[PDB]
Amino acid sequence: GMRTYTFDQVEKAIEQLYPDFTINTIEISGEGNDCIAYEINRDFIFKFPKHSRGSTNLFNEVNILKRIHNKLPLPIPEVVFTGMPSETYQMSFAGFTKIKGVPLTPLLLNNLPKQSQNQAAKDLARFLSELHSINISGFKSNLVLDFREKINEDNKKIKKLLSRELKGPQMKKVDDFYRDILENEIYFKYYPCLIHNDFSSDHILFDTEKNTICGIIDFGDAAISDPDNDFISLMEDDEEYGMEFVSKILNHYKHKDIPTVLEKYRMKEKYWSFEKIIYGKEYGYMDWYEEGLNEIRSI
C-alpha cells in the first residue's frame, strides 16, 4: 500500500526532529513513483516516501550524495535534513537544498542556439566523465549492480510471475528471449563505476537566463554498474534527446566504442516490456503490468 501525507503531517514529521526549523510556506513540488516532494520555505525540497521501496531509494540517494557532494562539475542536491528509520521506512524523509532551474526538456534543448546546445553536450559529458571516474574504493559493495546477475534474476521473476498467466509456448519464447541476451557478452563486459542510472532530461536542470545547465538531480537509483547506462537513457527520440545529440556527448566523453552503446540501447528498448511487467506487479501498477504483458504477447 502507498502512503499519502497532508501538509500538517509533513510539518509534524519535520518538527519532531528539527524543532528550530520554521516552516512558512509549503506546497507540492512534484510526485514520482517513489516519493512525494514538497517545496518548503521556497528554498528546500523535502522528499517523503510513498512506500518502503521508495524509502530505500531515498536512503540510497542521501548516502550517495554525501559521498560525492564536492566531486562534480555541476551542482547536485545537498542534504540538509534527514528523517529516521522505522519498521516501515529506511528513511522517513529527507530535505535538500533547492536548485533553481527548469528541466532541459528535448523541446527546450532543440530551441537553443547551436552554440548553447553544444555547450550543453560538453557540460553533460564532463559531468558524466567526472562521475564515472569517482574513486569507488570506499563504497558499500551492495551498491554494485551486476547486469548479468540482474538479467538472470529477472528471468526467474518473470517465470514466477507469469507461470499461471502465459500459455506454455508463450513462456517458452520468454525463456528464449532471456537465453539469447544472456549469450551476448557485449551487454555484460564493462568496467563498473559509479553511475547516475536515471540520467534523463527530467533530471537535468537548466538556467534559461545563462542558457547553461545548472544542476543534476534525483540520485536515488545511483549504483556501481555500466557507465553506458547514463548514455542510453538520453537516446530515445520520443522522450529524450536522440542519437545526434548524445553522439556529441559521447565525443566529448572520448567514448571509444559507440557501436556498443547503440547495441545496448537497442536491447534496452526491447527489454522495457519485461521491466514493465516486473515493476508493474511489484508497485501495484496493473496498468504497466498489463501493458508489458500484452507487448510480450505479440512481438
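The term rigid core refers to the most C-alpha atoms you can superpose between the two forms while keeping them within 1.5 Å. Numbering starts at 1 and runs along the sequence shown.
In terms of root mean square C-alpha deviation after superposing on the rigid core in 5 other deposited structures of this protein, the stretch standing farther out between 161-169 and 88-96 is 161-169. Superposition on the core shows that, in 5 other deposited structures of this protein, the C-alpha atoms drift more in one of 288-296 and 4-12; this is 288-296. Just going by the entry, 146-154 versus 69-77 on mean CA temperature factor gives the higher value to 146-154. Mean CA B-factor, 3-11 versus 288-296: the higher value falls on 288-296. You'll see in the entry that, of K47, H51, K256, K248, the Cα B factor peaks at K256.
Highest C-alpha temperature factor among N41, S233, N63, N57, as the PDB entry reports it: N41. For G83, the recorded CA B-factor ranks within the lowest third of the chain. Only modelled residues enter the ranking. Per the PDB record, residue ranking by Cα B-factor puts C35 in the middle third of the chain. Ranked against the other modelled residues of its chain, the C-alpha B-factor of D175 as given in the entry falls in the middle third.
Among the modelled residues of the chain, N229 sits in the lowest third by CA temperature factor in this PDB entry. Annotation for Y241: CA B-factor lies in the lowest third of the chain's modelled residues.
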